[PDB]
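Please read the structure below before turning to the comments.
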Amino acid sequence: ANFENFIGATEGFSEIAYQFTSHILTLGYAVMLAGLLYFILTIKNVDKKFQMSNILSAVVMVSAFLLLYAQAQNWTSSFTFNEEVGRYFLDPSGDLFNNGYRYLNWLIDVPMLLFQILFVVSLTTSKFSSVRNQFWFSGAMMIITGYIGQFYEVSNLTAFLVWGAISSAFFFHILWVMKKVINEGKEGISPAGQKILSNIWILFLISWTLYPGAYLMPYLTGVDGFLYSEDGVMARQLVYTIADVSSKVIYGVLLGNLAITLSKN
Ligand SMILES: *C\C=C(C)/C=C/C=C(C)/C=C/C1=C(C)CCCC1(C)C
């Protein structure tokens with residue numbers, strides 16, 4: 001299937017690479033449930049006119065909690081310990097590790113996370129429906145073509161790469177359109193609100209860029225380097241979790257802070 005199952009069935013996993021990976025993944029959906037409560041409880045702190053952004057964050061948490069829980073359970077019960085060798089190996093009587101849960105979660109979250117900014121800042125010369133369509137199209141295509149390259153990950157590396165680059169073309173359009181959005185949104189508002197906007201732009205840039213870095217991770221030290229191992233498995237799964245907390249939770253907190261800042265007058 002994937003590089004994970006390859007390692008789980010060629011070399012297997014050490015006790016620590018298995019446990020660590022399960023612990024970080026558990027932490028991942030535990031944070032989503034925490035955020036879900038944060039965004040519901042604080043929805044009263046923002047004016048009626050920005051609340052849609054709290055609403056969109058609440059829903060992202062519901063799906064992120066739900067699907068990252070599935071993934072977590074999917075990693076723990078796909079490998080079983082072998083007393084003879086002392087590692088964890090892919091269990092042929094299980095379901096095999098499946099990263100589909102996480103791609104499904106992106107296909108849902110991406111439109112919302114992109115849509116919700118447009119309820120906090122105001123455009124100037126760009127049209128709302130124009131920006132929204134461009135966000136929804138390129139973001140959908142970024143995930144679909146990423147999913148397709150994800151199949152060739154362990155077999156045909158070249159297709160894994162050509163498809164990853166296509167998905168990168170859509171990624172950069174989004175980065176261009178969000179650039180234009182944050183600029184127009186800075187026009188008018190107070191200097192404090194521009195400060196928050198700039199933070200949001202810095203965070204949006206890093207947090208989304210971690211994702212292709214975790215897509216490629218087991219190849220960044222070569223077709224037989226240090227990461228082509230349970231360590232790249234470990235590391236790709238740590239970067240995703242860092243990325244999920246950044247692009248889903250912290251992003252939405254900053255938008256709420258921005259909404260609040262924009263009610264001073
Ligand atoms: C959970 C929320 C979000 C916004 C997830 C975003 C995921 C990405 C930006 C993924 C991007 C990819 C790219 C650009 C190319 C390689 C394949 C990926 C799907 C990892």
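Starting from 1, each residue takes its place in the sequence as its number. Numbering of ligands and ligand atoms starts at 1, following listing order.
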- Could you tell me which residues satisfy salt bridge (charged side-chain N to carboxylate O under 4.0 Å, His left out) with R102, sequence neighbours excluded, listed by chain and number? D244
- Task: Any atoms of ligand 1 less than 4.0 Å from a non-hydrogen atom of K248? List them with their elements.
- Result: 1 (C), 2 (C), 3 (C)
- Distance filter under 4.0 Å to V110 heavy atoms, resulting ligand 1 atoms: 4 (C)
- Mind checking what makes salt bridge (charged side-chain N to carboxylate O under 4.0 Å, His left out) contact with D231, not counting sequence neighbours? none
- Message: Any non-hydrogen side-chain atom of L203 less than 4.5 Å from a side-chain atom of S246?
- Response: yes
- Note on the structure: of all protein heavy atoms, closest to atom 4 (C) of ligand 1 is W208 CZ2, 3.3 Å
- Message: Please list, in number order, the atoms of ligand 1 under 4.0 Å from a heavy atom of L113.
- Response: 2 (C), 4 (C)
- Query: Counting heavy atoms only, which part of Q150 comes closer than 4.0 Å to ligand 1: side chain, backbone, both or neither?
  - Reply: neither
- Note on the structure: If you scan protein heavy atoms around atom 19 (C) of ligand 1, the nearest is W106 CZ3, 3.6 Å
- Is the closest basic N to carboxylate O distance between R236 and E153 below 4.0 Å? yes
- Task: Please name the residue in the list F81, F20, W75 that meets the ring-ring contact (aromatic ring centres under 6.0 Å, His included) test with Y88.
- Result: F81
- Query: Does one side chain, of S77 or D95, offer a donor that lies under 3.5 Å from an acceptor on the other?
  - Reply: no
- What is the closest protein heavy atom to atom 13 (C) of ligand 1, and at what distance does it sit? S167 OG, 3.6 Å
- Among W163, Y215, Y211, whose heavy atom sits nearest atom 10 (C) of ligand 1? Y211
